[PDB]
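Visitor: return atomic coordinates for the entry below.
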Amino acid sequence: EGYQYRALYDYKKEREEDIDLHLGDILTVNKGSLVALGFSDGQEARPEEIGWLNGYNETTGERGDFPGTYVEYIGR
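Guide: Numbering: from 1, shown residues only. Find the structure here:
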């Protein structure tokens, strides 16, 4: 059971670990890389309240971290 959100806004990459993000980009973020801290069940569905998430930008066929306030989890 992983997590998948949609990037409502566009991002480029400020930190040395972010991935080129763009509105309409899908991010496949597993439920572990984010729960590695102990996120509560369902907390991953609210990226705006997470900080940073590491998923897979299928749109560009890449993977990395990105601002959760720029995406919107919608289900696994």
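Visitor: once you drop chain neighbours, what's closest to residue 22?
Guide: Nearest non-adjacent residue to residue 22, counting by C-beta to C-beta, 6 or more residues apart in numbering: residue 10, 4.7 Å away. All C-beta atoms are positioned from the backbone trio N, CA, C, and that covers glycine.
Visitor: repeat for residue 51
Guide: Nearest-residue entry for residue 51: residue 68, 6.2 Å, with adjacent residues in sequence omitted and distances by C-beta to C-beta, 6+ apart.
Visitor: state the distance from the residue nearest to residue 22 to residue 23.
Guide: Per C-beta to C-beta, to the nearest Å, residue 10 is found 5 Å from residue 23.
Visitor: give me the common contacts of the two.
Guide: Residues touching both residue 10 and residue 23 (C-beta atoms under 8 Å, 6 or more residues apart in numbering): there are none.
Visitor: all helices of the protein, in order?
Guide: Applying DSSP state H to the chain gives helices spanning 32-35.
Visitor: nearest residue to the middle of the chain?
Guide: By C-alpha atoms, centre = their mean, the chain has its centre lying nearest to residue 53, at 4.2 Å.
Visitor: list the beta-bridge partners for that one.
Guide: residue 66 (DSSP bridges).
Visitor: help me confirm that it comes into contact with residue 66.
Guide: Yes. The pair formed by residue 53 and residue 66 meets the contact definition of C-beta atoms under 8 Å, at 6.3 Å.
Visitor: returning to what we had before: hmm, the residue nearest to residue 51 is touching residue 49, no?
Guide: Yes. The pair residue 68 / residue 49 is scored as a contact, 7.5 Å apart, by C-beta under 8 Å.
Visitor: tell me which of these two has more neighbours.
Guide: Legend: neighbour count by other C-beta atoms under 10 Å for residue 68 and residue 49, higher for residue 68 (22 against 10).
Visitor: show me the contacts for the more buried one.
Guide: By C-beta under 8 Å, 6+ apart, the neighbours of residue 68 are 5, 47, 48, 49, 50, 51, 52, 53.
Visitor: quickly note the distance from the fifth one to residue 43.
Guide: When distance is defined by C-beta to C-beta, residue 50 is 7 Å away from residue 43.
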